[PDB]
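Trainee: As you go down the protein sequences, you meet chains A and B in turn.
With PDB author numbering as the guide, the letters of the first sequence map in order to residues 0 to 27, 27A, 28 to 94, 96 to 214.
With PDB author numbering as the guide, the letters of the second sequence map in order to residues 1 to 82, 82A to 82C, 83 to 100, 100A to 100L, 101 to 189, 192 to 216.
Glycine is no exception: its CB is placed at the ideal position from the N, C-alpha and C atoms.
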Amino acid sequence: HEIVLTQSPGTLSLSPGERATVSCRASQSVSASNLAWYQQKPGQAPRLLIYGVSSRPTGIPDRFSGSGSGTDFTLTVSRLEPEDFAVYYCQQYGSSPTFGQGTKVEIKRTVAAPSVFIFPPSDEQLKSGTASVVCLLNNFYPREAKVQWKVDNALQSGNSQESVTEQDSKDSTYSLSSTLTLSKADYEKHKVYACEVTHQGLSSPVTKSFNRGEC
Amino acid sequence: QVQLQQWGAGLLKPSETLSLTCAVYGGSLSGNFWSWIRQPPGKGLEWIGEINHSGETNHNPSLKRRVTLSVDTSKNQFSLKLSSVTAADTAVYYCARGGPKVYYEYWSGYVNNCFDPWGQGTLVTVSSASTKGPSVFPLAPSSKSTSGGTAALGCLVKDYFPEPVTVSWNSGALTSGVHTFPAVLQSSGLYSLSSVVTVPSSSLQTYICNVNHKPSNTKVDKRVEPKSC
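(1) Applying a beta-carbon distance threshold of less than 7 Å, which residues of chain B neighbour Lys207(A)?
(2) Where does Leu20(B) land, buried or exposed, given buried means 16+ other C-beta within 10 angstroms?
(3) Ignore the nearest five residues each way along the sequence and tell me which others in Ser114(A)'s own chain have a CB closer than 7 Å to its CB.
(4) Give a yes or no on whether 8 Å exceeds the smallest Cβ distance from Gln3(B) to chain A.
(5) Of the choices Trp148(A), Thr102(A), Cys88(A), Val21(A), whose alpha-carbon is the least far from that of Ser208(A)?
(6) Skipping 5 residues on each side, what residues in its chain have a beta carbon closer than 6 Å to that of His164(B)?
(7) Please list the residues of the segment 170 to 183 of chain B that have a C-beta atom closer than 8 Å to any C-beta atom in chain A, keeping them in chain order.
(8) Cβ atoms of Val2(B) and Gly31(B): under 8 Å apart, would you say?
(9) What number of angstroms, rounded off, separates the C-alpha of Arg77(A) from the C-alpha of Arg61(A)?
(10) What does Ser174(A) touch in chain B if you count any residue whose Cβ is under 8 Å from its own?
(11) Taking its Cβ as the centre, do 16 or more other Cβ atoms sit within 10 Å of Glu79(A), making it buried, or is it exposed?
(12) Against chain A, with Cβ distances strictly below 8 Å, would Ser115(B) count as a contact?
(13) Return helix, strand or coil for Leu189(B), following the three-state DSSP convention.
(14) Rounded to the nearest angstrom, what separates residue 224(B) and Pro14(B) at their Cα positions?
(15) Closest to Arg38(B) by C-alpha separation, out of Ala23(B), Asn52(B), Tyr25(B), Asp86(B), would be which residue?
(16) For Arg61(A), which residues does DSSP report across the bridge?
(17) Would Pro185(B) be called buried (16 or more neighbouring beta carbons within 10 Å of its own) or exposed?
(18) Is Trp34(B) near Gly95(B), with beta carbons less than 8 Å apart?
(19) Is any beta-carbon of chain A found at less than 8 Å from that of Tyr90(B)?
(20) Buried or exposed: which applies to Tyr25(B), given that a residue is buried once 16 or more other Cβ atoms fall within 10 Å of its Cβ?
(21) Between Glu212(B) and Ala125(B), which are expected to be in contact by the criterion C-beta below 8 Å, what is the C-beta distance as a whole number of angstroms?
(22) Between the alpha carbons of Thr205(B) and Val198(B), how many angstroms are there, rounded?
(23) Would you verify that the beta carbon of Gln77(B) is, or is not, closer than 8 Å to some beta carbon of chain A?
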């Protein structure tokens, strides 16, 4: 029977120098101390941060510690350094190796509402038979921002793909781009194209719309 | 210091067989287990399998009858095969050293099945698409893409394969306010990204996005001029 690992929280937003606490719960008891913690920075391979629940590999700073037993384990960063903001996984090896979903430690900053822009498809792309409508959410925090598409006030589903940038190094904000793809015929059949943005920094979802033909 | 060196095919068609190899330097395959783990883009880690110097293998029960692990002791290498590949297998695949073999008084075997050191990781993408150059479309600035004295423009790099493409602005002279977004894998099997830039309104100033796709050697210098709304 596989041991499912669930980490808490999903995302940990703290300031540099604070204490980070990542919990790792298991669906079954982990024998002895067969648990490890890994750290992964963006674009890098996971690094063994801690082995044997509490033991520490050579080179890992003293600020990283590990405790727990049975089904509850905990990774602790006493003083968060700037290089510590990254993803952390827990892995049991009492049975078949399984990982937790991962916990992201990011910079904590003031709530920033996104600047919402919209871009219609170009005539050059319409000549190809496909219409891409782009919605840009510029410089917002936190990362959680819901983008919905409304074609003639009809909610879209399945024809939108979004992409998020990493947390910026200067203002610690995120940016998002949502592409709504239609056919040229489906694009000409409709008039109003609107991008609705829901974010914690907005007292109400903001809608950026344009009418085909005038744009 | 034991070092791991990964290689293998990074492009596969659906239903084909993934084949990756991992060479061990600065140490021997004996005395440890050696594991393959994978991570889909933007997702978590998933242990694939493990094999020791003797040839004993173990694999994730969730993968069923796909994992085929092999060991070349003469070359100090170990290889992973994943047949009947699918779109859910597009991921970065790492190899790592698993648990060592310890010798105690009444018991001997492998313990501490953690992963250190790790390999660099090979990105394997599963797609029916072949090499294709991108189309660069101007995300033009207008009244809908302006907020006070701040406007936004950019380029849409649509329908290209495989990864990656590089986007510069004004031949690298424009770096501030630029956001080049990670590409998304469209339902057509082709990649697509968007590179935007935030500028002042009073400048609307020549803006040219330079898109470079090495697998197709396609370079496009697209000028983004404001449209109407």
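Mentor: Inspection of the coordinates gives the following:
(1) Sequence index remark: in the first sequence, residue 207(A) carries index 208 (1-based). For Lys207(A), the chain B residues whose C-beta falls within less than 7 Å of its own C-beta are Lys129, listed in chain order.
(2) As a position in the second sequence, residue 20(B) is number 20, starting the count at 1. Result: buried.
(3) What you label residue 114(A) is simply residue 115 of the first sequence in a count that begins at 1. Closer than 7 Å at the Cβ level, and outside the excluded window around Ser114(A), lie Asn137, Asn138.
(4) On the second sequence, residue 3(B) is found 3 positions in, with the first residue counted as 1. At a cut-off of 8 Å between beta-carbon atoms, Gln3(B) makes no contact with chain A.
(5) Within the first sequence, numbered from 1, the residue matching residue 208(A) stands at position 209. For the residues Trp148(A), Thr102(A), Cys88(A), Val21(A), the minimum Cα distance to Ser208(A) belongs to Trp148(A).
(6) The sequence position of residue 164(B) within the second sequence is 179, counting from 1. Short of 6 Å from the beta carbon of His164(B), and not among the five residues preceding or following it, lie these beta carbons of its own chain, in chain order: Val181.
(7) Taking 8 Å as the cut-off between beta carbons, the residues of the segment 170 to 183 of chain B near chain A are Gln171, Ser177, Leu178, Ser179, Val181, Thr183, in sequence order.
(8) Numbered from its first residue, the second sequence carries residue 31(B) at position 31. Numbered from its first residue, the second sequence carries residue 2(B) at position 2. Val2(B) is positioned such that its CB atom lies no closer than 8 Å to that of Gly31(B).
(9) Taking the first sequence and counting its residues from 1, the one referred to as residue 77(A) is at position 79. Taking the first sequence and counting its residues from 1, the one referred to as residue 61(A) is at position 63. Roughly 6 Å separates the two Cα atoms.
(10) For the purposes of this step, residue 174(A) is identified with residue 175 of the first sequence, where counting begins at 1. Going along chain B in sequence order, the residues near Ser174(A) (Cβ under 8 Å) are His164, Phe166, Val181.
(11) On the first sequence, position 81 is the one that residue 79(A) refers to. So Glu79(A) counts as exposed.
(12) Numbered from its first residue, the second sequence carries residue 115(B) at position 130. No, no contact with chain A.
(13) As a first step, residue 189(B) must be located in the second sequence, where it is residue number 204. Correct three-state label for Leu189(B): coil.
(14) Given a span of 1 to 216 for chain B in the structure shown, any question on residue 224(B) remains unanswerable.
(15) If you number the second sequence from 1, residue 38(B) lands on position 38. Checked all of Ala23(B), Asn52(B), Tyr25(B), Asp86(B); the closest Cα to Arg38(B) is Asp86(B).
(16) As a first step, residue 61(A) must be located in the first sequence, where it is residue number 63. Bridge partners of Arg61(A) according to DSSP: none are assigned.
(17) As a working mapping, residue 185(B) is identified with position 200 in the second sequence. In summary, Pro185(B) is exposed, with fewer than 16 beta-carbon neighbours lying within 10 Å of its beta-carbon over all protein chains present.
(18) Taking the second sequence and counting its residues from 1, one reaches residue 34(B) at position 34. Taking the second sequence and counting its residues from 1, one reaches residue 95(B) at position 98. Taking 8 Å as the Cβ cut-off, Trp34(B) and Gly95(B) qualify as a contacting pair.
(19) By 1-based counting over the second sequence, the position of residue 90(B) is 93. The Cβ of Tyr90(B) sits no closer than 8 Å to any Cβ of chain A.
(20) Position 25 of the second sequence, counted from the start, is the residue given in the question as residue 25(B). Its Cβ having fewer than 16 others within 10 Å, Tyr25(B) is exposed.
(21) On the second sequence, residue 212(B) is found 225 positions in, with the first residue counted as 1. On the second sequence, residue 125(B) is found 140 positions in, with the first residue counted as 1. Right, the Cβ-Cβ distance comes to about 7 Å (below 8 Å), so this counts as a contact.
(22) Stepping through the second sequence from its first residue, residue 205(B) is reached at position 218. Stepping through the second sequence from its first residue, residue 198(B) is reached at position 211. Rounded to the nearest whole angstrom, the CA to CA distance from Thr205(B) to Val198(B) is 8 Å.
(23) Your numbering for residue 77(B) matches position 77 in the second sequence. Not flagged as an interface residue toward chain A: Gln77(B), since no C-beta distance is shorter than 8 Å.
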